[PDB]
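Quick notes on the structure that follows.
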Amino acid sequence: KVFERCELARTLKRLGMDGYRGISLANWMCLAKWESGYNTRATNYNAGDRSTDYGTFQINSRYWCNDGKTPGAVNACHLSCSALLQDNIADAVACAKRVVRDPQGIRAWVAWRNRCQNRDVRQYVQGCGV
């Protein structure tokens, strides 16, 4: 499904993302906007290394979820990558939380560095009531 901005902002807040490991709600919103455009069924195959990115946060199959076809992959979130394509984002959020527990934090997604870091991200949550 494709979330509307404020709809997603409120959902993420309810799921405990605001300030999780020092990451503000607006940063998560900026990441979701640039990764999938708030689309839960988004998938991107990376032909260079045989991995695929799944769902709202475009979580990679080499380290986080298992899709069975990615070489030398681990499944740190202990989830089928299929779980990251559901309309209910509960699992994708649990897994995103795992991703940032690593040293890099939110920096794990290059898209965050390119389009969110050091920028004014207030706009992603303004008027949503979060």
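The entry's author numbering numbers the first residue of the sequence shown as 1 and each following residue consecutively.
Ideal Cβ placement from N, Cα and C applies to all residues, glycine included.
Option in the options with minimal Cα separation from residue i
| i | options | result |
| --- | --- | --- |
| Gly68 | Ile59, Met29 and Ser51 | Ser51 |
| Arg21 | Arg115, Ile59 and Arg98 | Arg98 |
| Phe57 | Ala94, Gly72 and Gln123 | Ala94 |
| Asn114 | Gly55, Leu31 and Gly72 | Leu31 |
| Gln123 | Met29, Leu15, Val74 and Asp53 | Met29 |
| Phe3 | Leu15, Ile23 and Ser36 | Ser36 |
| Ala42 | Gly55, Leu15, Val100 and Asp49 | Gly55 |
| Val110 | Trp34, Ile23 and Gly72 | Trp34 |
| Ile106 | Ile59, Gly48 and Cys6 | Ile59 |
| residue 212 | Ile23, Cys6, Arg5 and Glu7 | Examination of residue 212 is not possible in this model, given that the chain is present from 1 through 130 alone. |
| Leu15 | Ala96, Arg119 and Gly48 | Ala96 |
Same chain, Cβ closer than 7 Å to residue i, five either side skipped, listed in chain order
| i | result |
| --- | --- |
| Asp91 | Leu79, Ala83 and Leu84 |
| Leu25 | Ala9, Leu12, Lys13, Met17, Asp18, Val125 and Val130 |
| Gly72 | none |
Whether residue i touches residue j by CB criterion (8 Å)
| i | j | result |
| --- | --- | --- |
| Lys1 | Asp87 | yes |
| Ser61 | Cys77 | no |
Proximal residues to residue i (C-beta, below 6 Å), its chain only, five neighbours per side dropped
| i | result |
| --- | --- |
| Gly127 | none |
| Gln117 | none |
Residues that residue i bridges to, as DSSP identifies them
| i | result |
| --- | --- |
| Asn27 | Its beta-bridge partners do not exist; DSSP assigns none. |
| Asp53 | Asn44 and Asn60 |
| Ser80 | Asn66 |
| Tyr20 | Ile23 |
CB-CB length for residue i against residue j, believed under 8 Å
| i | j | result |
| --- | --- | --- |
| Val121 | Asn39 | Rounded, the Cβ-Cβ distance is 19 Å, inconsistent with contact. |
| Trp64 | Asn75 | 7 Å |
8 Å Cβ shell around residue i - same chain, five flanking residues per side excluded
| i | result |
| --- | --- |
| residue 144 | With the chain represented from 1 up to 130, any question about residue 144 goes unanswered, as that position is not in the structure. |
| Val100 | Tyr20, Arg21, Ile23, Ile106 and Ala108 |
| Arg119 | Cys30 |
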